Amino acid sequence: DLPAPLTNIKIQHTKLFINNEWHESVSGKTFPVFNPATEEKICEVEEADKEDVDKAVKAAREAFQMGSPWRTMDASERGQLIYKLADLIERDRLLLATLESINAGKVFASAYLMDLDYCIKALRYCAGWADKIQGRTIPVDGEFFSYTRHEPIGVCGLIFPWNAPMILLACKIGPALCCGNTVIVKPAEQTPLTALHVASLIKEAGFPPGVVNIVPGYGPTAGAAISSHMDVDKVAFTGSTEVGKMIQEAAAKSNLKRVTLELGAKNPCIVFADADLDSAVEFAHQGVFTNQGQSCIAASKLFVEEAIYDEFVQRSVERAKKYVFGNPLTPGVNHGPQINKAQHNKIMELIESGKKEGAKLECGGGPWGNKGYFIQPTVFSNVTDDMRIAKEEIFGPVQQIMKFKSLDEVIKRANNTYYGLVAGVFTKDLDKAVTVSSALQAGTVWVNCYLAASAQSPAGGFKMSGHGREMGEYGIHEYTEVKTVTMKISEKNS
């Protein structure tokens, strides 16, 4: 069930969050935050720079020192505290979802029923792992007792984008904290507000001071002070591919801090003639147009077998005409705006290029209205491999539909790309499903569904979509460091 959004929500939390207290920027500067549906200023937030980052890192190092309350408390206690944070986010679910909507342009129902729900579930999952992270006893050669410890890494920097502020934040801090690390959080400059509200709940939940620090700010300033800091042990980064290159570089030229990258995507989704046609049209559609295309996991190219091609295209055009734009808080609106003017412009350039290079425009292709950064649902057929809308990430409401003839061809083309985050496959045949999913070079493959991400399963990129995994067993374990202890004993019995 879905409540009504808050009518007169007020912004309360705008300061930096360091050592469980609220700080002004060292410089005294603030930066503005805009509603993308109206273009108007919501508020100004304290702007973090290198000198604020230094303060956050000192506090996180102190919280991590041997004998501190966060290091000596039972693993199960780390767990209870993460589970309590989940309880408070659930209690404030209406507030947090109204605020996601205002700041990031998300359809309200989507933000309440999906984003907030996934964020609460990710934290609860992670909470359960805290006392079940285990090492090994090893029957090594020789007269030794040998074992391993999965220890916390230390101080972790968490840097991420604007498209899903609550989910992104949950899936970085959840794994980090349940392994016992302390953290420095740098949310995207476009959408800092829900991150700062979660900070007020971290103090309420009873986290020790310095365990979680949240410093809103820009990229070359705050983001780059974290990646090159000499006393940060790890940075987990989600964002664009070009910036991930700068992060790896920064890490190398400073202290060789561990790096995790989750970067750009152009995700293929393949529909064979033997697929359930209706279900695939619907899933592939939601694949591309969810959050107005503003999603790393969206279906960006649609390979559709020749016999069902014309009929797939026709049904996708019809499905795309069922949208109403406006303020995402208004009931009856299911198409929000793009995040800002820069993004809007990148999307329109690519749309325009598709017309230029001779893809066929089926519907949309233009901006929507006069105010707010709205773009029409846009579908393109007769798309060929070497067009720009086929290669470049659009991050907008733009579907590409292409023809394919045989199986071995469509695998070749779906893999002919420097990206590899996610891929779809639709077929009701057992052997086809298994062998094609194995053959696709992507870290997640969805069979007969799309957007089916869960907390229990690891997700991440092949190739230039990044390295490392988030969530599941495997992803949680990436916030640990392994130590082997090997002790001499006087006699050894098996």
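Residue positions are given as counts along the sequence shown, with the first one as 1.
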| query | finding |
| --- | --- |
| 374 to 382 versus 244 to 252 - greater average Cα B-factor per the deposited record | 244 to 252 |
| Entry-level comparison of average CA B-factors, 64 to 72 and 463 to 471, reporting the higher stretch | 463 to 471 |
| Criterion, highest CA B-factor; candidates, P328, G396, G223, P208 | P328 |
| Residue selected from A104, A275, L169, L81 by maximal Cα B factor | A275 |
| Chain-wide C-alpha B factor ranking for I11, given as lowest, middle or highest third | highest |
| Chain-relative CA temperature factor third for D131 | lowest |
| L196 - Cα temperature factor, lowest/middle/highest third of chain | middle |
| Ranked C-alpha temperature factor of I159 among modelled chain residues, by third | lowest |
| Chain third (lowest, middle, highest) by recorded CA B-factor, residue given as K483 | lowest |
